[PDB]
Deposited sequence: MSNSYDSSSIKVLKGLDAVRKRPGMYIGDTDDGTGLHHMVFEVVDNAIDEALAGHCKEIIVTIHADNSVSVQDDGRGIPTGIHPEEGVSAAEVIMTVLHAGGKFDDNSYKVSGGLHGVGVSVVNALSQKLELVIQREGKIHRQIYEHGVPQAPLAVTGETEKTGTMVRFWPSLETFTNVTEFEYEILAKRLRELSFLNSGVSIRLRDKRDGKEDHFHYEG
């Protein structure tokens, strides 16, 4: 059972967030949540499909990452009875460990996928999907959007995202991945930036 594995992996991440995300007391793990989601969007860029990424700090202290790539495949996976996107959002395999870590450590996560003319949406709570991915509407755009509300059971002390921390790494990432265009917007004060290196 994939379902059994999935919940074991999630539970493994909650019990040992240090080895997956970093220190949970000093801010580093909290911001590493953003960078992990961002790194997935960059993969879609490196793969040649995404060109703009927008990172938003929301005023309710969640962060969203939007890409204009293909959008995570929505097809019920041939292997596990749920959408391929749910697999990517929930399956652990530190070998092959990725964005499930963020899902596990978020009190809530919102996933919106635009592809093949359709908008698909799923909500997760502590990594657990409220329902299967479902079509909520129609669109002519493509891409993936992950917004996450970090668990305040997991994170102490530094619980609010810092603009400058996110600006510094995003600037570095566009530098290292020349050609990727990344926008950062703060909804708390209206501050924004655009990082591209060519």
Pop the missing stretches of the deposited sequence into a list, counting residues from 1 and keeping sequence order.
1 to 6, 100 to 114, 220
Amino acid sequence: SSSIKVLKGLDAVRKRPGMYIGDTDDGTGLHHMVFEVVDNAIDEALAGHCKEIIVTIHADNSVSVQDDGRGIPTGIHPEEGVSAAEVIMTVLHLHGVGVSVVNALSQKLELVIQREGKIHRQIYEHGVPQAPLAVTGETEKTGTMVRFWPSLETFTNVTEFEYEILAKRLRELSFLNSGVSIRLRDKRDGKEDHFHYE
From here on, numbers count along this sequence of modelled residues.
Counting only other entries that model residues on either side of residue 96, is it left out in at least a third?
yes
Averaging CA B factors per stretch from the PDB record, which one is higher: 72 to 80 or 103 to 111?
72 to 80
Quick check on the record: does 172 to 180 or 20 to 28 carry the larger mean Cα temperature factor?
172 to 180
Checking the entry, which one of 57, 167, 46, 53 has the top C-alpha B factor?
46
Select one of 144, 40, 62, 157: the residue whose C-alpha shows the highest B-factor in the crystal structure entry.
157
Report the third (lowest, middle or highest) to which the CA temperature factor of residue 34 belongs, ranking only the modelled residues of the same chain.
lowest
Third of chain Cα B-factors occupied by residue 138
middle
Residue 187: C-alpha B-factor third of its chain, per the entry, is the middle
Among the modelled residues of this chain, does the Cα B factor of residue 89 put it in the lowest, middle or highest third?
middle
Relative to the other modelled residues in the chain, which third contains the C-alpha temperature factor of residue 153: lowest, middle or highest?
highest
